[PDB]
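Just the one chain here, the form deposited in one PDB entry, laid out as structure tokens.
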């Protein structure tokens, strides 16, 4: 059926210009591949606070991915992941913002560091949540587990750990192998 997918990307102080660009490229690639499908998209940059770069209505109005993200500016601040996730659940997934009523909700969280805040993401528990942890900040198994709480279960399918930002290209390659025209 319909799929309303939200990209919640890390814009923290740790990211180098090229790394931030690779995150933007990844989001665009998936969007272009899935253009003219039953998917609709929204994008929110998060660091200390949260900013919807374009919401569902924006995408519907102008499907152009490159145009939708041409205005993004790297925040360069903290990594308040609990707040960011709750922000999507209540401020982005809204009918008035273009979200479709009984559409399946999906969240693709991309981050390069552990969350600097805490609390709960209970309000977002019914959204299908994928998280992509990139870079040396996720070298240890300990740091990787910290991401499970944000993603759906099992972690084996929903939590993806990438050692480099270059690997985002590999991940896109792999996701395309999972694309099918369903009966």
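Residue numbers count along the first chain shown, from 1.
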| property | result |
| --- | --- |
| Between the two ranges 168-176 and 6-14, the one averaging a larger CA B factor in the entry | 168-176 |
| Mean C-alpha temperature factor, higher of 115-123 and 58-66 | 58-66 |
| Record-listed C-alpha B factor of residue 72: chain third | highest |
| Position of residue 89 among the chain's modelled residues by C-alpha B-factor, lowest, middle or highest third | lowest |
| Among modelled residues of the same chain, the CA temperature factor third for residue 40 | middle |
| Where the record places residue 143 (Cα B-factor, split into thirds across the chain) | highest |
| Modelled-residue ranking by C-alpha temperature factor, third containing residue 153 | highest |
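The same protein also has a form deposited with a partner chain bound, omitted here; what follows describes it.
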| query | finding |
| --- | --- |
| Heavy atom of residue 115 within 4.5 Å of the partner chain in the deposited bound form | yes |
| Distance check, residue 162 to the partner chain in the deposited bound form, heavy atom within 4.5 Å | no |
| Close approach of residue 136 to the partner chain in the deposited bound form, 4.5 Å, heavy atom | yes |
| Proximity of residue 122 to the partner chain in the deposited bound form, heavy atoms at 4.5 Å | no |
